[PDB]
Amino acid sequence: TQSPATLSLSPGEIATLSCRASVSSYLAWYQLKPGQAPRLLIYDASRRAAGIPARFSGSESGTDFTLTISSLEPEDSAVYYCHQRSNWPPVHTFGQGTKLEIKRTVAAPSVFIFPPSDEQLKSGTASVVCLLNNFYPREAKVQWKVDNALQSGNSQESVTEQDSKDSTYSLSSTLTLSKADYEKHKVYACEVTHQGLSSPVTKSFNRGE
């Protein structure tokens, strides 16, 4: 077992993670950054891998062992896993993980709407994309409106992992219609709500203009 599953802390604060060790075993900690191979931080429950700064440290207290990161930096945004290997015959178990969000000040999204390309329309399908770029916190609502009618179940959205540098998220919402259904409507809009917006924002286009 690993705790806490989620964690959100400001830069310069102290993060402490812990797993409940289950006879004799060797304990390790790994960092999984967005789009990168896992990286060994601590091994044998308190020893520091080469290249790892003293900011990272580990310890154990009976049936529990912990990882601590002291001068938290935006680079520390990642998922952390504890790792236990029994003695021979080797059995490996990993914790469920800990997603570490690094806090920043509120950043409102820049919103963009893209009509379907004419090349896609020649394919018989139509995708309308609404982009929300470089915002924090991660909470955000995106409502699609077609001829001012609220759409419901024809949109999938996708959100990036927290950027390692600026600590922002980005989000795309894709409204997908048949070419025929797309060609029958005039106005297309996405409405964005966010803590950094005094009032919901709307980006729209008229098909053909």
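Residues carry their position along the shown sequence, with the first being 1.
Deposited sequence between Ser22 and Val23: 1 to 3 residues lack coordinates. Stretches compared: 43 to 51, 63 to 71. Higher mean C-alpha B-factor in the entry: 63 to 71. When 165 to 173 is weighed against 179 to 187, 179 to 187 comes out higher, by mean CA B-factor as recorded in the entry. The PDB entry gives the largest Cα B-factor of the residues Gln31, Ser158, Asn148, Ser57 to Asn148. In this PDB entry, the Cα temperature factor of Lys103 sits in the middle third of its chain's modelled residues.
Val192: CA B factor in the highest third of modelled residues in this chain (values from the PDB entry).
When the modelled residues of the chain are ordered by C-alpha B-factor, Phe114 sits in the lowest third.
Per the deposited record, the Cα B-factor of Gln96 falls in the highest third when ranked against the other modelled residues of its chain. When the modelled residues of the chain are ordered by C-alpha B-factor, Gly153 sits in the highest third.
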